Number of protein chains: 2
Amino acid sequence: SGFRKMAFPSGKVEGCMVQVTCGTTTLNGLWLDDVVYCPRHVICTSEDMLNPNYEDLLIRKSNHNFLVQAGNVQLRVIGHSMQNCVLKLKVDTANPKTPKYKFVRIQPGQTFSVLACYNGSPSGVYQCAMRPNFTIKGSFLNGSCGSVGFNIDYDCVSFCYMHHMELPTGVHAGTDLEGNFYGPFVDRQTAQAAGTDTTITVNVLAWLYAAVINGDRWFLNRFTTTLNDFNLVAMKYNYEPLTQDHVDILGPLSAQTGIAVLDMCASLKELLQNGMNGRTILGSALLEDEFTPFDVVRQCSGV
Amino acid sequence: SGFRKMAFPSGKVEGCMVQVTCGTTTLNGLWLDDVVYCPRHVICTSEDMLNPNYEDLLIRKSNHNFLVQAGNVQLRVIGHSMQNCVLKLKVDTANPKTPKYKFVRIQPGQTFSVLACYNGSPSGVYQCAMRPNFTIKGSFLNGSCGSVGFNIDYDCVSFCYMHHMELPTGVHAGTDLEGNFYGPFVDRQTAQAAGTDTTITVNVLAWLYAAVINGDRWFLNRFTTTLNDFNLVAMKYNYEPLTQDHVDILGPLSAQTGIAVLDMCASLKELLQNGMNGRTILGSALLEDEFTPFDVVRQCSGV
Ligand SMILES: *[C@H](O)[C@H](C[C@@H]1CCNC1=O)NC(=O)[C@H](CC(C)C)NC(=O)OCc1cccc(C(F)(F)F)c1
Ligand SMILES: *[C@H](O)[C@H](C[C@@H]1CCNC1=O)NC(=O)[C@H](CC(C)C)NC(=O)OCc1cccc(C(F)(F)F)c1
Ligand code: NA
Ligand code: NA
């Protein structure tokens with residue numbers, strides 16, 4: 001037993017990380033087959049980054065302006081193109097460590113592992129949730145751009161995120177691997193703000209089920225509520241509305257615990273109104289919303 | 001910026017995980033050069049596990065009783081020996097993916113990454129701190145024994161933990177890679193309890209420095225205190241005493257922030273007496289003690 005925020009093992013992605021240099025800018029790239037993917041802002045300069053025309057910038061580049069390094073071995077670039085906000089550098093060697101992979105775009109409320117990298121070298125792994133406002137709460141320093149987010153399913157890596165920037169509030173923004181931003185953001189140094197966020201209700205309920213499975217029961221009660229009455233409380237506390245689909249996805253956890261979803265919703269209602277009164281749930285004194293039902297089932301089915 | 005609990009990239013350890021089967025018991029082993037290390041309780045049966053004599057149990061085994069599998073490829077065992085609570089199975093192939101490594105024993109208050117594995121296959125990575133009472137707060141199901149904990153330093157893996165069991169409170173216990181338990185525990189199914197725990201004061205202070213570096217300042221104040229006066233408050237709240245060595249290790253963080261350690265200690269004193277009053281620090285509503293000064297410097301020096 002135990003419930004811990006847990007990343008996927010990063011080995012399959014570590015074998016894909018390279019370093020991409022253009023001019024005096026160095027960041028990370030993702031080397032799959034004979035193509036390296038990286039943020040297109042690597043071709044910007046200190047003065048371009050205010051409002052650059054990337055099509056003009058790329059037309060003025062040649063293959064020899066791109067220094068790619070897989071460890072010590074330099075990779076020769078034989079072509080370059082832009083796909084939305086990602087640059088694709090064709091190289092003369094197919095990555096022999098290329099895993100089975102997909103490029104997927106994820107939904108707000110879903111989680112993924114981030115492999116934070118600097119100079120093409122992995123440094124750390126951690127879990128992120130895509131917030132309703134399309135930001136993530138990461139840990140990224142200068143040099144981390146091109147770090148990717150991913151999930152793994154039966155040795156197939158589904159890449160869903162490439163890191164591009166930090167917003168003024170300290171949260172992070174990036175693209176899918178097609179180069180399309182998550183959220184209403186652009187890859188330039190301007191005044192950008194994330195919209196207001198909300199709490200991911202189905203995830204909070206999944207985590208309360210994780211808590212029960214691990215022996216935290218103090219917040220339970222004999223009451224049940226209705227879906228419409230719960231969504232009234234959700235609106236007041238800036239929680240997302242609970243849908244019948246969410247109730248269905250929580251079915252397995254409700255079955256394992258014998259606690260109906262609308263039974264657990266009554267507990268959440270009371271936690272929102274009364275707080276915790278000095279107690280904790282799974283080691284937290286706040287309601288946690290960054291664990292999906294899948295994340296919980298992954299760790300709690302055996303218990 | 002940002003501060004996130006972060007594991008080391010797990011690739012170097014993934015390449016060392018195998019599956020070890022003896023009888024009807026399957027767990028994980030660590031394959032380094034031509035030796036596989038795993039918990040010796042793999043040679044126990046359902047009735048042996050109450051109070052087994054492991055020396056007798058191993059004398060009655062032969063090499064062919066041990067099924068080792070590195071993925072699909074079965075590894076042939078050519079020798080077996082016991083070192084304290086770990087079994088060493090000699091195999092006829094040196095692991096070609098063996099990293100540079102050390103076996104180190106860690107101290108209470110220090111952290112490490114855990115690569116949770118089942119059937120020799122890695123499933124997740126997360127950070128743990130060795131508690132003062134020599135337990136860890138992990139996430140381990142049946143089949144996870146033989147999963148290891150490690151730190152990485154310049155492509156050298158320092159292995160410090162192998163998982164053996166779960167205590168009645170749900171926390172976890174294991175050995176170093178020499179087979180010596182952390183804490184006053186034994187590898188059999190009996191009545192074992194962890195002693196009382198305490199809070200790791202130097203780690204809480206390191207995390208408060210991380211908070212300041214990331215823009216959380218609401219808990220700061222103009223006051224400073226003395227080391228002896230702070231340790232009086234530490235005793236009352238079940239915190240470990242602060243030593244001058246701890247003050248010295250926090251030197252870099254105090255320099256980066258301009259906040260003396262005894263200045264930060266006054267803030268902790270007030271947090272312990274007054275609580276947070278509905279506010280959070282780095283996304284937590286509790287004082288976090290599982291980040292070492294090293295962990296903080298790793299993520300916060302660039303900010
Ligand atoms: C790419 O490595 C970098 C990643 C940033 C740096 C700090 N944290 C991150 O996530 N991305 C950028 O620097 C990005 C580039 C423009 C889109 C062209 N701009 C950006 O994030 O500016 C915001 C910012 C905030 C704090 C610190 C920095 C600094 F590190 F660049 F100084 C930048
Ligand atoms: C080895 O894979 C296993 C790891 C345990 C199982 C559940 N969580 C863990 O960390 N270790 C044992 O099963 C261990 C073996 C003895 C030392 C010989 N015994 C043990 O942990 O018993 C406690 C326990 C608690 C909850 C659930 C179990 C169960 F999974 F075995 F049923 C065991
Ligand atoms: Na209820
Ligand atoms: Na102070």
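Residues numbered from 1 in each chain as written, not as in the entry; some residues may be left out. Chains lettered and ligands numbered in written order. Heavy atoms only, no water.

- The record names X-ray crystallography as the way this model was obtained, at a resolution of 1.5500 Å.

### Here's the deal with the pattern of salt bridges
Thinking step 1. Following the criterion strictly, the structure yields 12 salt bridges over all chains and no others.
Thinking step 2. The shortest N-O distance in the salt bridge between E290(A) and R131(A) comes to 3.0 Å. Here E290(A), found in the loop between α7 (261–274) and α8 (293–300), pairs with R131(A), found in the loop between β10 (121–129) and β11 (148–153); they are 159 residues apart in sequence, far enough to count as distant. Neither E290(A) nor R131(A) differs from the other in exposure class; each is buried.
Thinking step 3. The partner of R131(B) in a salt bridge is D289(B), with the nearest N and O atoms 2.8 Å apart. Of this pair, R131(B) sits in the loop between β10 (121–129) and β11 (148–153) while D289(B) sits in the loop between α7 (261–274) and α8 (293–300); the two residues are 158 residues apart in sequence, bridging distant segments of the chain. Like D289(B), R131(B) is buried.
Thinking step 4. Overlapping salt bridges bring together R131(A), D197(A), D289(A) and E290(A) as one network. (Salt bridge = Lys/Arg side-chain N within 4 Å of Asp/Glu carboxyl O. Helix = DSSP H or I, 4+ residues; strand = E, 2+ residues; numbered from the N terminus. Buried < 20%, exposed > 50% of the residue type's maximum accessible area, 1.4 Å probe, protein only.)

### Some details on the coordination of the sodium ion (ligand 3)
Ideal geometry at a metal centre: 109.5 degrees between donors when four sit tetrahedrally, and 90 or 180 degrees when six sit octahedrally.
All names here are of chain A.
Thinking step 1. For the sodium ion (ligand 3), the full set of protein donor atoms is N221 (O), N221 (OD1), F223 (O), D263 (O) and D263 (OD), and the range of their distances to it is 2.2 to 2.8 Å.
Thinking step 2. Positions of the donor residues of the sodium ion (ligand 3) along the chain correspond to the pattern N-x1-F-x39-D.
Thinking step 3. Residue classification places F223 among the partly exposed positions, given a relative accessible area of 44%. (Donors = N, O, S within 2.8 Å, 3.2 Å for Na, K, Ca; no water.)

### Here's the deal with the relation of the copies chain A and chain B
Thinking step 1. Between chain A and chain B, which share one sequence, the superposing operator has a rotation angle of 180 degrees and an axial displacement of 0.0 Å; the RMSD is 0.0 Å. In short, the pair behaves as if placed about a two-fold rotation axis. Rotation axis and chain A: the residue whose C-alpha lies nearest the axis is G11(A), separated from it by 1.8 Å.
Thinking step 2. Comparing interface residues between copies, 100% of those in chain A also sit at the interface in chain B, which points to an isologous, same-surface contact. (Least-squares fit on C-alpha atoms. Contact = heavy atoms within 4.5 Å.)

### Comments concerning the packing of helix α4 (residues 227–236) of chain B against α7(B)
Residue and element names in this part refer to chain B.
Thinking step 1. For the pair α4 and α7, the least separation of the axes is 10 Å and the interaxial angle reads 25 degrees. When the interaxial angle is binned, α4 and α7 end up roughly parallel. As α4 packs across α7, the resulting crossing turns out to be left-handed. Residues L227, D229, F230 and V233 of α4 lie in contact with α7, whose contacting residues are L262, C265, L268, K269 and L272. (Axes fitted to C-alpha atoms, helices over the stretch in contact; angles between N-to-C directions. Parallel < 35°, antiparallel > 145°, perpendicular 65-115°, else oblique. Left-handed = near helix turned anticlockwise from the far one by under 90°.)

### Observations regarding α7(A)
In an α-helix, one turn spans 3.6 residues; hence positions three or four apart end up facing the same way.
Thinking step 1. The end-to-end C-alpha separation of α7(A) is 20 Å, in line with the 20 Å expected for 14 residues at 1.5 Å each.
Thinking step 2. A positive phi of about 80 degrees marks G275(A), the residue just after α7(A). (Expected span 1.5 Å × (residues − 1).)

### Some thoughts on the sheet that holds strand β1 (residues 17–22) of chain A
Residue and element names in this part refer to chain A.
Thinking step 1. Spatial strand order, β5-β4-β1-β2-β3-β7-β6: 7 strands in an open sheet with antiparallel pairing. If you trace the sheet from one side to the other, it starts and ends with β5 (73–75) and β6 (77–83), each paired once. Ignoring strand direction, the axes of neighbouring strands in this sheet form an average angle of 30 degrees.
Thinking step 2. Alignment of strand β3 (residues 35–39) against strand β7 (residues 86–91), held across 5 bridges, turns out to be antiparallel. From the neighbouring strand, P39 faces β7, where its bridge partner is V86. (Pairing = 2+ DSSP bridges.)

### Overview of the packing of aromatic side chains
Thinking step 1. Per the stated rule, a full pass over the model turns up 18 aromatic pairs over all chains.
Thinking step 2. Between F103(B) and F159(B), the ring centres sit 6.3 Å apart and the planes meet at 75 degrees, which makes this aromatic pair edge-to-face. Residue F103(B) is located in strand β8 (residues 100–103), and its partner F159(B) is located in strand β12 (residues 156–166); the two are separated by 56 residues in the primary sequence.
Thinking step 3. Taking relative accessible area as the criterion, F103(B) reaches 25% and is therefore assigned partly exposed.
Thinking step 4. Grouping aromatic residues by their ring pairs yields a cluster made of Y37(A), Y101(A), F103(A) and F159(A).
Thinking step 5. Residue placement shows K236(A) over the ring face of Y237(A); its charged tip is 4.9 Å from the ring centre. (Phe/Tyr/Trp six-rings, centres within 6.5 Å; stacked < 30°, edge-to-face > 60°. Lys NZ or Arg CZ within 6 Å of the ring centre and 35° of its normal.)

### Observations concerning the coordination of the sodium ion (ligand 4)
Residues and elements named next belong to chain B.
Thinking step 1. The coordination sphere of the sodium ion (ligand 4), as far as protein atoms go, consists of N221 (O), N221 (OD1), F223 (O), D263 (O) and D263 (OD), spread over 2.2 to 2.8 Å.
Thinking step 2. Read N to C, the donor residues that coordinate the sodium ion (ligand 4) are spaced as N-x1-F-x39-D. With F223 in the loop between α3 (201–213) and α4 and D263 in helix α7, this residue pair connects regions lying 40 residues apart in the sequence.

### What about the site of ligand 2?
Residue and element names in this part refer to chain B.
Thinking step 1. Near ligand 2 lie 16 residues; those nearest to it are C145, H163, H164, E166 and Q189.
Thinking step 2. Between ligand 2 and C145 there is a distance of 2.9 Å, counted from an oxygen atom to a backbone nitrogen or oxygen.
Thinking step 3. Notes on ligand 2: free accessible area 630 Å², of which the protein chains cover 75%.
Thinking step 4. Class assignment for the residues of the shell around ligand 2 results in 5 nonpolar, 8 polar and 3 charged. (Near = heavy atom within 4 Å. Polar contact = N/O pair within 3.5 Å; in protein donor to acceptor, adjacent residues only side chain to side chain. Areas by Shrake-Rupley, 256 points an atom, 1.4 Å probe, with all protein chains shown as cover. Nonpolar A, V, L, I, M, F, W, Y, C, P; charged D, E, K, R; others polar.)

### Details of the interface of chain A and chain B
It is common to give the size of an interface as the accessible area that goes away when the parts come together.
Thinking step 1. Tallying the contact residues gives 37 residues for chain A and 37 residues for chain B.
Thinking step 2. Interface of chain A and chain B: buried area, both sides summed, is about 2,600 Å²; carbon and sulfur atoms make up 50% of it.
Thinking step 3. Viewed at the interface, chain B and chain A are joined by 0 salt bridges.
Thinking step 4. The tally of links between chain A and chain B comes to 23 residue pairs in polar contact.
Thinking step 5. Elements with a contribution of two residues or more to the side of chain A that touches chain B: α1 (11–14), β10 and α8 of chain A.
Thinking step 6. Sort the elements by how many residues they give to the side of chain A that touches chain B and β10(A) lands first, with 7 residues.
Thinking step 7. The residue inventory of the side of chain A that touches chain B, partitioned by class, reads 15 nonpolar, 16 polar and 6 charged. (Buried area = accessible area lost by both parts, 1.4 Å probe.)

### Quick look at the site of ligand 1
Residues and elements named next belong to chain A.
Thinking step 1. In the region of ligand 1, 16 residues are neighbours, and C145, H163, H164, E166 and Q189 sit closest.
Thinking step 2. One nitrogen or oxygen atom from the side chain of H163 is found 2.6 Å from an oxygen atom belonging to ligand 1.
Thinking step 3. The contact in question runs from an oxygen atom of ligand 1 to an N or O atom on the backbone of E166, over 3.0 Å.
Thinking step 4. Bound to the protein, ligand 1 loses 75% of the 630 Å² it would expose on its own.
Thinking step 5. Examining the composition of the shell around ligand 1, we find that 4 residues originate from one element, strand β12 (residues 156–166), more than from any other.
Thinking step 6. Considered class by class, the residues forming the shell around ligand 1 number 5 nonpolar, 8 polar and 3 charged.

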